[PDB]
Amino acid sequence: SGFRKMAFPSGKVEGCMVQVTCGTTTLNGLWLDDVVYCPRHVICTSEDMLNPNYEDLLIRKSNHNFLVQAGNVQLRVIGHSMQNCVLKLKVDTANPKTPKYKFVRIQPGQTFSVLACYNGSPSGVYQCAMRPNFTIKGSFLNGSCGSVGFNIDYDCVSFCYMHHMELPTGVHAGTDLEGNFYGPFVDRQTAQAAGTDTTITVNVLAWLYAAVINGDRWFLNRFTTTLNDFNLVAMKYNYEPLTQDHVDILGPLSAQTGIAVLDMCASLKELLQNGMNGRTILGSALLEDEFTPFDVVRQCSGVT
Ligand SMILES: CN1CCCc2ccc(S(N)(=O)=O)cc21
């Protein structure tokens, strides 16, 4: 029993973090086999950041201008190349601690764990969601850049996020491990607008299922609705519209709880239109969209 915003164990990611220094900029890198991945903006001075030409800037840089350190091991750079917004530094030493991994580009509404780092050292771990507008509401100080997000499938680390920058709005933007931004962002220091953020309806339903499973059942009603009808109420409150794949993904939680998905939608419909009134659900006074149906099932069944 209980319900917490739980992060994946970080052990397997901790042994791949390194510090990368070029000129006087230092940030975090990911050391996998014989390659160190990091944000390419490591090569920019301050002036450079307003309007960087990354092709010209990189051409000026030699292997020995890159200082990759793992603890008090100093790795030697023998290669460098730029893949979109990430630098790949080929090093002489393959990471003895490289886990089973792959690079995945996640969709909006998906959750991942962040290992927040400074000078290649891990400082803490948190769970969060890729917002529908391709931002994250992170905790990142200066020199957190190159901090990575990941999931664990069994024994396999799925790397899905690298942190590049904070927007003047205070939210966080970054790339996949192939160097493509999530969202319409560019690694230059210019005023950049994120879209309208929406609430991730499918994740809020997963959370209400979580609440029922954990005793909190005051919000259930005998009312119902169709998708069509429900979705129309959802758009007015800036909730993502709910598809048939969404219903399909909640079927298991539906089966565990003997509450039809549509019946749960009808309870949500009502909460939007009438709110909580000082009631809480799993001790929160707002609706919570940073758990996937898969997160709820894992947490409520005991997956390692
Ligand atoms: C300094 N840096 C690194 C490269 C990308 C980027 C984007 C926006 C900003 S911002 N708006 O915080 O000045 C700063 C930044």
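Residues numbered from 1 in each chain as written, not as in the entry; some residues may be left out. Heavy atoms only, no water. Residues with missing side-chain atoms left out of burial classes, pairs and counts.

- For this coordinate set, the PDB header names X-ray crystallography as the determination method and states a resolution of 2.110 Å.

## Concerning the packing of aromatic side chains
Next up, step 1: What the rule picks out here adds up to eight aromatic pairs.
Next up, step 2: Between the aromatic rings of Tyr 37 and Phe 103, the centroid separation amounts to 5.3 Å while the plane-to-plane angle is 85 degrees, which identifies the pairing as edge-to-face. Of this pair, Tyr 37 sits in strand β3 (residues 35-39) while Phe 103 is found in strand β8 (residues 100-103), placing the two residues 66 residues apart along the sequence.
Next up, step 3: We classify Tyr 37 as buried; its relative accessible area is 8%.
Next up, step 4: On the basis of relative accessible area, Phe 103 is assigned to the partly exposed category, the value being 30%.
Next up, step 5: The side chain of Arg 105 reaches across the aromatic face of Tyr 182, ending 4.5 Å from its centre. (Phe/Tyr/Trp six-rings, centres within 6.5 Å; stacked < 30°, edge-to-face > 60°. Helix = DSSP H or I, 4+ residues; strand = E, 2+ residues; numbered from the N terminus. Buried < 20%, exposed > 50% of the residue type's maximum accessible area, 1.4 Å probe, protein only. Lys NZ or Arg CZ within 6 Å of the ring centre and 35° of its normal.)

## Some details on the nonpolar core
Next up, step 1: Counting 32 residues, the largest nonpolar core has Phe 219, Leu 250, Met 264 and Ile 281 as its most contacted members.
Next up, step 2: Beyond its immediate sequence surroundings of up to four residues, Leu 250 is in contact with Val 202, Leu 205, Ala 206, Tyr 209, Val 261 and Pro 293.
Next up, step 3: Formed by 23 residues, the second largest nonpolar core is a distinct cluster that contains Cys 22, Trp 31, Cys 44 and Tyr 54. (Core = buried A, V, L, I, M, F, W, Y, C linked by side-chain atoms within 4.5 Å. Contact = heavy atoms within 4.5 Å.)

## A look at the sheet that holds strand β6 (residues 77-83)
In a beta sheet, neighbouring strands are held together by backbone hydrogen bonds and run either parallel or antiparallel to one another.
Next up, step 1: Across the sheet, seven strands lie side by side as β5-β4-β1-β2-β3-β7-β6; this open sheet has antiparallel pairing. Of all the strands in the sheet, just β5 (73-75) and β6 have a single pairing partner and so form its edges. In this sheet, neighbouring strand axes are inclined to one another by 30 degrees on average, regardless of whether the strands run parallel or antiparallel.
Next up, step 2: Here β6 runs beside strand β7 (residues 86-91); their pairing, made up of six bridges, is antiparallel. The partner of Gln 83 across the bridge, within β7, is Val 86. (Pairing = 2+ DSSP bridges. Axes fitted to C-alpha atoms, helices over the stretch in contact; angles between N-to-C directions.)

## Brief notes about the site of the ligand
Next up, step 1: Residues in close proximity to the ligand include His 41, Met 49, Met 165, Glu 166, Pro 168, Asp 187, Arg 188 and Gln 189, which together make up its full environment.
Next up, step 2: Here the ligand, which alone exposes 380 Å², has 75% of that area covered by the protein.
Next up, step 3: When grouped by side-chain class, the residues that make up the shell around the ligand number three nonpolar, two polar and three charged. (Near = heavy atom within 4 Å. Areas by Shrake-Rupley, 256 points an atom, 1.4 Å probe, with all protein chains shown as cover. Nonpolar A, V, L, I, M, F, W, Y, C, P; charged D, E, K, R; others polar.)

## Some words on the packing of helix α4 (residues 201-213) against helix α8 (residues 293-301)
Next up, step 1: Contact geometry of α4 with α8 gives a least axis separation of 8 Å together with a crossing angle of 20 degrees. Overall, the two elements α4 and α8 adopt an arrangement that is roughly parallel. Note on packing geometry: the crossing formed by α4 with α8 is right-handed. Contacts from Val 202, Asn 203, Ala 206, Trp 207, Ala 210 and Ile 213 of α4 reach α8 at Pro 293, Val 296 and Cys 300.
Next up, step 2: Residues of the contact of α4 with α8, tallied by class, amount to eight nonpolar, one polar and no charged. (Parallel < 35°, antiparallel > 145°, perpendicular 65-115°, else oblique. Left-handed = near helix turned anticlockwise from the far one by under 90°.)

## Section: the pairing of strand β2 (residues 25-32)
Next up, step 1: Burial of β2 is extensive: six of the eight residues sit out of reach of the surface.
Next up, step 2: As defined by bridge partners, strand β1 (residues 17-22) adjoins β2 across six bridges and the pair is classed as antiparallel. Residue pairing in the sheet places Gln 19 in a bridge with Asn 28 of β2.
Next up, step 3: Here β1 folds back onto β2 in antiparallel fashion, the turn holding two residues, of which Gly 23 has a positive phi close to 50 degrees.
Next up, step 4: Of the strand pairs in this sheet, β2 and β3 are connected by three bridges, and their pairing is antiparallel. If you follow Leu 32 over to β3, its bridge partner there is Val 35.
Next up, step 5: In this structure, the hairpin formed by β2 and β3 is closed by a connection of two residues, where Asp 33 is found at a positive phi of approximately 50 degrees.

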